[PDB]
Amino acid sequence: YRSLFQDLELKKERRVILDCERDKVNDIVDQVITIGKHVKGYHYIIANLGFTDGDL
Amino acid sequence: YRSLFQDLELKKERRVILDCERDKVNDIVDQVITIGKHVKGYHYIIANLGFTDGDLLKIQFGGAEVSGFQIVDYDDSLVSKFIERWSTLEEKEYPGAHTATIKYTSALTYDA
């Protein structure tokens with residue numbers, strides 16, 4: 001995942017729409033937390049009906 | 001703390017030297033994690049002898065550069081002879097011992 005978002009920084013993306021399970025959503029966001037792409041400038045969209053189910 | 005670093009963003013500081021206990025260091029860094037000031041552009045310095053005692057994996061890959069001081073270097077074989085005994089110590093008999101590393105306060109207690 002640290003390889004993955006670095007490859008997203010090859011395009012320097014700020015706009016990532018996730019399509020994962022509620023566990024796999026929370027696992028990757030914790031990796032976003034680890035690298036700090038939850039800061040201003042980024043935008044994320046969670047593509048499920050359980051937007052309130054995750055850890056916000 | 002979210003009020004505090006926002007007040008640091010009134011000056012827009014990037015250079016914060018912490019002076020806290022090992023728990024209170026880790027508590028505030030987790031608030032830095034919560035706001036994301038562990039990213040590149042920031043620099044932090046931990047002002048204790050236990051720089052290796054804290055949790056460095058939480059902010060190793062964020063971007064800020066973290067510095068500190070260590071009096072108990074684990075690369076010494078004399079320290080490594082202690083560590084090879086330290087991890088094999090019973091936690092139930094010696095509480096806090098069955099670990100990979102040691103606090104410097106516990107090391108200086110053994111040094112005393």
# chains A, B, ... in the order shown; residues from 1 in each chain; ligands from 1
$ interface_residues --of "chain A" --to "chain B" --cutoff "7 Å" --atoms "only C-alpha atoms" --output "NGL selection string"
:A and (34-36 or 38-39)
$ write_last_selection --atoms "N, CA and C atoms" --output "JSON list (two decimals), in the first residue's frame"
[["chain", "number", "residue", "atom", "x", "y", "z"],
["A", 34, "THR", "N", -1.11, 6.36, 8.06],
["A", 34, "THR", "CA", 0.31, 6.11, 8.24],
["A", 34, "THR", "C", 1.16, 7.01, 7.35],
["A", 35, "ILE", "N", 0.68, 7.32, 6.15],
["A", 35, "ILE", "CA", 1.40, 8.20, 5.24],
["A", 35, "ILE", "C", 0.89, 9.63, 5.27],
["A", 36, "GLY", "N", -0.27, 9.88, 5.88],
["A", 36, "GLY", "CA", -0.74, 11.24, 6.05],
["A", 36, "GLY", "C", -1.39, 11.85, 4.84],
["A", 38, "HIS", "N", -4.57, 11.97, 4.58],
["A", 38, "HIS", "CA", -5.85, 12.45, 5.07],
["A", 38, "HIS", "C", -5.84, 13.95, 5.32],
["A", 39, "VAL", "N", -4.77, 14.64, 4.91],
["A", 39, "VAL", "CA", -4.64, 16.07, 5.10],
["A", 39, "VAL", "C", -5.41, 16.82, 4.02]]
$ closest_atom_pairs --of "region 29-76 of chain B" --to "region 16-25 of chain B" --cutoff "7 Å" --atoms "only C-alpha atoms" --output "Markdown table"
| residue | atom | partner | partner_atom | distance |
| --- | --- | --- | --- | --- |
| B:29 | CA | B:25 | CA | 6.3 |
| B:43 | CA | B:16 | CA | 6.6 |
| B:44 | CA | B:16 | CA | 5.1 |
| B:45 | CA | B:17 | CA | 4.6 |
| B:46 | CA | B:18 | CA | 5.3 |
| B:47 | CA | B:19 | CA | 5.5 |
| B:54 | CA | B:22 | CA | 6.3 |
$ write_last_selection --atoms "N, CA, C and O atoms" --output "PDB file, in the first residue's frame"
ATOM      1  N   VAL B  29       1.729  12.779  19.929  1.00  0.00           N
ATOM      2  CA  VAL B  29       2.069  12.350  18.572  1.00  0.00           C
ATOM      3  C   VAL B  29       0.871  11.686  17.902  1.00  0.00           C
ATOM      4  O   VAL B  29       0.620  11.888  16.708  1.00  0.00           O
ATOM      5  N   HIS B  43       9.236  19.228  11.272  1.00  0.00           N
ATOM      6  CA  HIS B  43      10.344  18.571  11.944  1.00  0.00           C
ATOM      7  C   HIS B  43      10.071  18.529  13.437  1.00  0.00           C
ATOM      8  O   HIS B  43       9.569  19.493  14.021  1.00  0.00           O
ATOM      9  N   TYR B  44      10.419  17.403  14.049  1.00  0.00           N
ATOM     10  CA  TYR B  44      10.193  17.202  15.467  1.00  0.00           C
ATOM     11  C   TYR B  44      11.448  16.633  16.107  1.00  0.00           C
ATOM     12  O   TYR B  44      12.212  15.903  15.473  1.00  0.00           O
ATOM     13  N   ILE B  45      11.666  17.000  17.365  1.00  0.00           N
ATOM     14  CA  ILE B  45      12.810  16.542  18.144  1.00  0.00           C
ATOM     15  C   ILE B  45      12.276  16.090  19.497  1.00  0.00           C
ATOM     16  O   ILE B  45      11.569  16.847  20.174  1.00  0.00           O
ATOM     17  N   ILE B  46      12.596  14.859  19.887  1.00  0.00           N
ATOM     18  CA  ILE B  46      12.138  14.307  21.154  1.00  0.00           C
ATOM     19  C   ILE B  46      13.254  14.485  22.176  1.00  0.00           C
ATOM     20  O   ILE B  46      14.351  13.935  22.022  1.00  0.00           O
ATOM     21  N   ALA B  47      12.969  15.252  23.227  1.00  0.00           N
ATOM     22  CA  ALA B  47      13.983  15.661  24.198  1.00  0.00           C
ATOM     23  C   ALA B  47      13.953  14.736  25.415  1.00  0.00           C
ATOM     24  O   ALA B  47      13.501  15.094  26.504  1.00  0.00           O
ATOM     25  N   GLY B  54      10.259   5.219  22.632  1.00  0.00           N
ATOM     26  CA  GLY B  54       8.951   5.553  22.112  1.00  0.00           C
ATOM     27  C   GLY B  54       8.566   4.717  20.908  1.00  0.00           C
ATOM     28  O   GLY B  54       9.324   3.880  20.419  1.00  0.00           O
TER      29      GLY B  54
END
$ select_by_dssp --residues "region 35-95 of chain B" --states "alpha helix (DSSP H)" --output "NGL selection string"
:B and (35 or 77-86)
$ write_last_selection --atoms "N, CA and C atoms" --output "mmCIF file, in the first residue's frame"
data_model
loop_
_atom_site.group_PDB
_atom_site.id
_atom_site.type_symbol
_atom_site.label_atom_id
_atom_site.label_comp_id
_atom_site.auth_asym_id
_atom_site.auth_seq_id
_atom_site.Cartn_x
_atom_site.Cartn_y
_atom_site.Cartn_z
ATOM 1 N N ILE B 35 -4.276 14.913 13.212
ATOM 2 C CA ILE B 35 -4.333 16.102 12.369
ATOM 3 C C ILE B 35 -3.380 16.036 11.187
ATOM 4 N N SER B 77 27.538 -4.985 22.340
ATOM 5 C CA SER B 77 27.439 -6.388 22.725
ATOM 6 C C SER B 77 27.220 -6.540 24.222
ATOM 7 N N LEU B 78 27.793 -5.636 25.020
ATOM 8 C CA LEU B 78 27.545 -5.625 26.458
ATOM 9 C C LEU B 78 26.080 -5.325 26.749
ATOM 10 N N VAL B 79 25.474 -4.455 25.941
ATOM 11 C CA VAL B 79 24.032 -4.257 26.013
ATOM 12 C C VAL B 79 23.310 -5.467 25.437
ATOM 13 N N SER B 80 23.870 -6.063 24.378
ATOM 14 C CA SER B 80 23.224 -7.201 23.731
ATOM 15 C C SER B 80 23.255 -8.446 24.608
ATOM 16 N N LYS B 81 24.271 -8.578 25.467
ATOM 17 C CA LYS B 81 24.266 -9.662 26.447
ATOM 18 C C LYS B 81 23.162 -9.467 27.475
ATOM 19 N N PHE B 82 22.828 -8.213 27.775
ATOM 20 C CA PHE B 82 21.717 -7.942 28.676
ATOM 21 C C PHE B 82 20.385 -8.233 27.997
ATOM 22 N N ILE B 83 20.239 -7.802 26.736
ATOM 23 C CA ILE B 83 18.988 -7.951 25.989
ATOM 24 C C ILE B 83 18.662 -9.421 25.751
ATOM 25 N N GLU B 84 19.681 -10.230 25.446
ATOM 26 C CA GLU B 84 19.487 -11.666 25.277
ATOM 27 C C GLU B 84 19.064 -12.337 26.578
ATOM 28 N N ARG B 85 19.445 -11.770 27.721
ATOM 29 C CA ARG B 85 18.849 -12.192 28.980
ATOM 30 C C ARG B 85 17.506 -11.518 29.231
ATOM 31 N N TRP B 86 17.363 -10.249 28.827
ATOM 32 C CA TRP B 86 16.181 -9.441 29.140
ATOM 33 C C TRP B 86 14.914 -10.004 28.513
#
$ closest_residue --among "B:31, B:99, B:105, B:88" --to "residue 71 (chain B)" --atoms "only C-alpha atoms"
B:105
$ residues_around --residues "residue 44 (chain A)" --least-positions-apart "3" --cutoff "7 Å" --atoms "only C-alpha atoms" --output "ChimeraX atom specification"
/A:15-17
$ write_last_selection --atoms "N, CA and C atoms" --output "PDB file, in the first residue's frame"
ATOM      1  N   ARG A  15      -7.610  12.522  -5.456  1.00  0.00           N
ATOM      2  CA  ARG A  15      -9.016  12.163  -5.551  1.00  0.00           C
ATOM      3  C   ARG A  15      -9.120  10.652  -5.710  1.00  0.00           C
ATOM      4  N   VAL A  16      -9.348   9.949  -4.604  1.00  0.00           N
ATOM      5  CA  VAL A  16      -9.419   8.494  -4.644  1.00  0.00           C
ATOM      6  C   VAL A  16     -10.769   8.034  -4.121  1.00  0.00           C
ATOM      7  N   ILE A  17     -11.499   7.297  -4.951  1.00  0.00           N
ATOM      8  CA  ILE A  17     -12.768   6.704  -4.554  1.00  0.00           C
ATOM      9  C   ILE A  17     -12.508   5.240  -4.232  1.00  0.00           C
TER      10      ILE A  17
END
$ closest_residue --among "A:24, A:4, A:30, A:12" --to "residue 56 (chain A)" --atoms "only C-alpha atoms"
A:30
$ select_by_dssp --residues "chain B" --states "strand (DSSP E or B)" --output "PyMOL selection string"
chain B and resi 15-18+39+43-46+50+63+65-68+70
